[PDB]
Amino acid sequence: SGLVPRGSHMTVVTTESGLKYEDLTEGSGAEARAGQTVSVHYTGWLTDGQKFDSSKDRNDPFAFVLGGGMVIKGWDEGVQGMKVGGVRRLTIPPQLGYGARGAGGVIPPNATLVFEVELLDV
Ligand SMILES: [Cl-]
């Protein structure tokens, strides 16, 4: 608990795993639930602002089985509860990301990852 961890507008949520998220836009559509194949647009940045991945730049949304272990842990946790049309900012500590290994030649070891995710379909 505590006040300061809830952010400048009292809108930052911290979960038991240490994931943080903030709903930038609350969707009006159906809720994302574990087991659904959801489709999203996203961008990811390192904490220095460097973009490392974006579906928008490929002009192709990304579909995955939510909760299915097919993405980093912070995504499987953080996309749940979004509603279609929503935009959520995920701040993913490295144990819920790529850990000590990093990834792809573009995410260093022990990196916190920032994503903005738009939920398109469930
Ligand atoms: Cl933070």
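Before going further, it helps to spend a moment on the UniProt feature "domain: PPIase FKBP-type" (unreviewed entry) in the protein. Mapped onto the present numbering, the UniProt feature "domain: PPIase FKBP-type" (unreviewed entry) falls on residues 35–122. For residues 35–122, the helix share is 11%, the strand share is 38%, and the end-to-end C-alpha distance is 10 Å.

Another aspect to go through is unusual backbone geometry. Phi at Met-10 is positive, roughly 65°, even though this residue is not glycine. Within the fold, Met-10 resides in the segment before β1 (13–14). When its relative accessible area of 32% is taken as the criterion, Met-10 is described as partly exposed.

Next up on the list: the UniProt feature "binding site: Mg(2+)" (unreviewed entry) in the protein. Cross-referencing UniProt, the feature "binding site: Mg(2+)" (unreviewed entry) maps to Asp-60 and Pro-61 in the present numbering. Assignment of secondary structure puts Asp-60 in the loop between α1 (55–58) and β5 (62–65). In this fold, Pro-61 is placed in the loop between α1 and β5. Classification of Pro-61 as partly exposed rests on a relative accessible area of 37%. Not counting the four nearest positions on each side in its chain, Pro-61 is found in contact with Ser-39, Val-40, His-41 and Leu-120.

Judged by side-chain polarity, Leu-3, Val-4 and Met-10 come together as a nonpolar surface patch covering roughly 310 Å² of accessible area. In this fold, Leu-3 is placed in the segment before β1.

The final tally for this structure, using the stated rule, is eight aromatic pairs. Centroid distance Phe-64 to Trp-75: 5.6 Å. Interplanar angle 55°. Geometry classified as tilted. Here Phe-64, found in strand β5, pairs with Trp-75, found in helix α2 (residues 73–78); they are 11 residues apart in sequence, far enough to count as distant. By relative accessible area, which is 3% here, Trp-75 ends up buried.

Considering all chains together, one arrives at six salt bridges under this definition. Taking the shortest distance from any N to any O, the salt bridge between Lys-83 and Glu-26 comes out at 2.9 Å. Residue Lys-83 is found in the loop between α2 and β6 (87–92), and its partner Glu-26 is found in the loop between β2 (20–25) and β3 (37–46); the two are separated by 57 residues along the sequence. Residue classification places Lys-83 among the partly exposed positions, given a relative accessible area of 25%. Classification of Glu-26 by relative accessible area gives exposed; the value is 62%. For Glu-116, the salt bridge identified is with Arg-89, shortest N-O distance 2.8 Å. Note that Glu-116 is positioned in strand β7 (residues 113–121) and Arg-89 in strand β6, a separation of 27 residues in sequence. According to the relative accessible area criterion, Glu-116 is partly exposed, its value standing at 26%.

Rules used throughout
Residues numbered from 1 in each chain as written, not as in the entry; some residues may be left out. Part of a larger assembly, values for the part shown. Heavy atoms only, no water. UniProt positions renumbered as here; feature names shortened; annotations may be inferred. Helix = DSSP H or I, 4+ residues; strand = E, 2+ residues; numbered from the N terminus. Buried < 20%, exposed > 50% of the residue type's maximum accessible area, 1.4 Å probe, protein only. Contact = heavy atoms within 4.5 Å. Patch = residues over 30% accessible without salt bridge, like charges linked within 9 Å, V, L, I, M, F, W, Y side chains within 5 Å. Areas by Shrake-Rupley, 256 points an atom, 1.4 Å probe, with all protein chains shown as cover. Salt bridge = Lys/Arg side-chain N within 4 Å of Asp/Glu carboxyl O. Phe/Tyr/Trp six-rings, centres within 6.5 Å; stacked < 30°, edge-to-face > 60°.

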